[PDB]
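To keep things clear, I will list the structure first and then write my remarks on it.
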Amino acid sequence: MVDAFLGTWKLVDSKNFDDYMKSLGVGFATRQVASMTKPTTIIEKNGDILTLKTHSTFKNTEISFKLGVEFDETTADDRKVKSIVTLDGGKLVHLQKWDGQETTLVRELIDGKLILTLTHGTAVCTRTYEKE
Ligand SMILES: CN(CCC(=O)O)c1ccc([N+](=O)[O-])c2nonc12
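In the authors' numbering, the protein residues as written are 0 to 131.
Below, the structure is given as structure tokens:
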């Protein structure tokens, strides 16, 4: 199940992140900085509680959750959302809902790399992380 996702990951490729942020309404100055930032994502577990940290020189976030149990979240761009994370087809699928809108954050493992696919509206972004 989740164990192969655990650890420290560093961003090594990003496609269409500006399009995704624009779709969400993120302002230009935040997008400019975020486009050059290379976050570290740390995924830890304690029993069935997962913690996902995203660290950078700009934004820092942390969420803790049980798989399959909804939780409140405030995103890096300050959306207040209702979230759930689950394991679907071997992928870690994070769904965020607010104001009747949705976005998905899907994490898969491919050849040892962590591929994060972000979808909102028509915008589809792919970020690739490598394990530290
Ligand atoms: C979804 N992510 C996380 C990306 C990742 O973890 O690589 C985001 C990370 C950072 C910002 N931001 O506005 O600074 C975001 N705005 O929308 N999404 C944002």
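All residues carry an ideal CB built from backbone N, CA and C; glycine is no exception.
Own chain residues within Cβ distance below 7 Å of residue i, not counting five before or after
i           : result
residue 123 : 15, 116
Cβ-based neighbour list, residue i, same chain, cut-off 6 Å, excluding 5 preceding and 5 following
i          : result
residue 41 : 7, 52
residue 50 : 43, 63
residue 58 : 75
residue 60 : 53, 75
Cβ-Cβ distance between residue i and residue j below 8 Å
i          : j           : result
residue 66 : residue 86  : yes
residue 13 : residue 106 : no
residue 36 : residue 56  : yes
residue 80 : residue 96  : yes
residue 11 : residue 131 : no
Cβ-Cβ separation, residue j to residue i (assumed contact under 8 Å), whole Å
i           : j          : result
residue 39  : residue 54 : 5 Å
residue 120 : residue 34 : About 19 Å; that fails the 8 Å criterion.
Cβ-heavy atom distance, residue i to ligand 2, below 7 Å
i          : result
residue 57 : Ligands in the displayed structure: ligand 1; ligand 2 is not one of them.
### Message
Would the stretch 56-66 count as touching the stretch 94-106 if we require 3 or more Cβ pairs under 8 Å?
### Response
In short, these stretches do not touch, since the Cβ pair count stays below three.
### Query
Can you list, in chain order, the stretches of the alpha helix (DSSP H) that have 4 or more residues and sit fully within the stretch 7-92?
Listed in chain order, the complete alpha helix (DSSP H) runs (minimum 4 residues) inside the stretch 7-92 are 16-22, 27-33.
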